[PDB]
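First comes the structure, then the notes that go with it.
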Amino acid sequence: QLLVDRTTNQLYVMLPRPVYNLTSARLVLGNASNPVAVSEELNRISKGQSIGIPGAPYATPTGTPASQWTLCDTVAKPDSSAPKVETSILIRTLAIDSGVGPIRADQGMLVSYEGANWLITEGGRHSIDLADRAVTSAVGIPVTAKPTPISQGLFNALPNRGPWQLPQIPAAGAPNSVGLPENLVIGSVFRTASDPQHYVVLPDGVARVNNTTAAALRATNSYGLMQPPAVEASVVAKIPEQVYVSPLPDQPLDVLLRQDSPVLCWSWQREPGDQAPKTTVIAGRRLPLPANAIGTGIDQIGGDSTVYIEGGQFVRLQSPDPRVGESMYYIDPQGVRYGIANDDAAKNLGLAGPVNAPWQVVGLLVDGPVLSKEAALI
């Protein structure tokens, strides 16, 4: 039995005692108890000690589940001695437009993390050794390029999709044993007669190669071979086929500049059915949001993150590590993570149907206490 005080707004739970919060009183009774409007009936009677969790939220008001979970990285000015980064965690439906849209397939950005340069592309990130000057010239990074800083939260979210390093050619500099003209050396490139194709020379044949990789292969070695020589369409068939596993892209990459693109976001959207959440990479002038919501940034007490959440959430997280299972977490409207020990206890708060949220974004939220029946008595 729960009694709401008329003027103090204090809650008393009766079992065989006052309670800090409505969550604490609903957890202990084993049911989502609506409190009676009793004030002289408890103030004139016996009192006790304050039970319940203090760190827990007052109530658990879930709203419509959030469509997108997004990490946003904002760099006010790249041209600085040491630039500052502001992290925004948007747990709401995103607003896309001409100013802030998702990055194109042939588009990327340069970022510096822990004294290393990374190249944030469409689906992830790649380790670029900016000293590999010929490679950066083939990809499209200008000589006047400079990387900017990037958040740890955003860096972990962006999948590492391998470095942009040409694979070493084991018999480099050796003469062509395949029978191709003596000008062609092993570690060289050949062109052929709509769109022409480039081939790289290897010890046991030749392999096809995109323009970015052909450019970089010639610029890193050359071997005195000015311009790629032409080969017929037939002479290449007698020579065997090999596969160069070059990570470089086909079209040269347009490098976004932070002075034009001050916000870099990564976004996760749970999809229906057996689909895999759609992860998009977004860049722009501002945060991907409507103007009306620009003022509601909840600065996190215990974190360098500004939370733009809309209503409470009930979520389930599945980690790929087997030693880590799957966990339910309640997120209040302030954007604070509160773990839930079990299904029975989730039913005592009126929380049903936890939706899937990412570990990438939910891990960055401040972790408050756990909503267990056992943890109330303290």
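Chain A uses Swiss-Prot numbers throughout; the residues present, in order, are 75-90, 96-117, 119-273, 276-460.
Positions of Cβ are set from backbone N, Cα and C atoms, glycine also.
As given in Swiss-Prot:
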- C152-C347: disulfide bond (DISULFID)
- 187-243: region 'Structural repeat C1/2' (REGION)
- 392-447: region 'Structural repeat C2/4' (REGION)
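Here the disulfide-bonded residues are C152, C347; the one with the fewest Cβ atoms within 10 Å of its Cβ is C347. Of the deposited chain, 5 residues are missing between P90 and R96, and the straight-line Cα distance between those two residues is 10 Å. In the deposited model, 2 residues between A273 and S276 are missing, and the Cα-Cα distance across the gap is 9 Å.
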